[PDB]
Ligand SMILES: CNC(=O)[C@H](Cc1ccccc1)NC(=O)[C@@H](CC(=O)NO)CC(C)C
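Only one chain comes next, encoded as structure tokens, the form deposited without this ligand.
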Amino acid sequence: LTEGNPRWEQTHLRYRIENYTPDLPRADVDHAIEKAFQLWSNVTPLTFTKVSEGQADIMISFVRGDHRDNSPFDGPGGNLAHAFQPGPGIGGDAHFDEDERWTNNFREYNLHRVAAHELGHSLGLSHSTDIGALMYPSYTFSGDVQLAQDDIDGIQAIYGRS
């Protein structure tokens, strides 16, 4: 049996930040992430819970180069991050390119921004064409980060509304 549009069967997800980036203070990273998950669960029946150890549906880690999977990182620039669609094991997980410089401001590569998009993948969404959507594959940022009606239509189509 092959599923083409996998989704989480539980609207009650647990995530875990496996390791941190030296680029930013632990509380900042913790904020950018919990606040990227906030975007998604507001417009759906999704419940996210942080977990420091144990089982986590979504594992988050900052890594670099070849990190075991088959989507190695290219050093500075190029890809900045990538996530896996809903599924067992590595599915739902998000890996950020440690070679990038992660900021909490307008400088190149704001973590919250990139994180909101990768989390869209862990929840089952794919890329958008609409350049004003969070799911658009190119890095953009204007101070505030919110879901576009596009991301909202895409995500509710899978789980439901709020």
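Heads up: residue numbers just count along the shown sequence, starting at 1.
Just so you know, the form solved in complex with this ligand exists too; it's not on screen, but the next bit is about it.
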Query raised in the report: Thinking of this ligand in the bound PDB entry, which stretch from 45-53, 24-32, 106-114, 58-66 has heavy atoms inside 4.5 Å of it?
Result: 106-114
Query raised in the report: Looking at the partner-bound form in the bound PDB entry, is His127 within 4.5 Å of this ligand by any heavy atom?
Result: yes
Requested in this report: Check whether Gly78 has any heavy atom within 4.5 Å of a heavy atom of this ligand in the bound PDB entry, and answer yes or no.
Outcome: yes
Query raised in the report: Since the partner is left out here, which residues of 111-146 would have a heavy atom within 4.5 Å of this ligand in the bound PDB entry?
Result: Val114, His117, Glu118, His121, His127, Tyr136, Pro137, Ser138, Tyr139
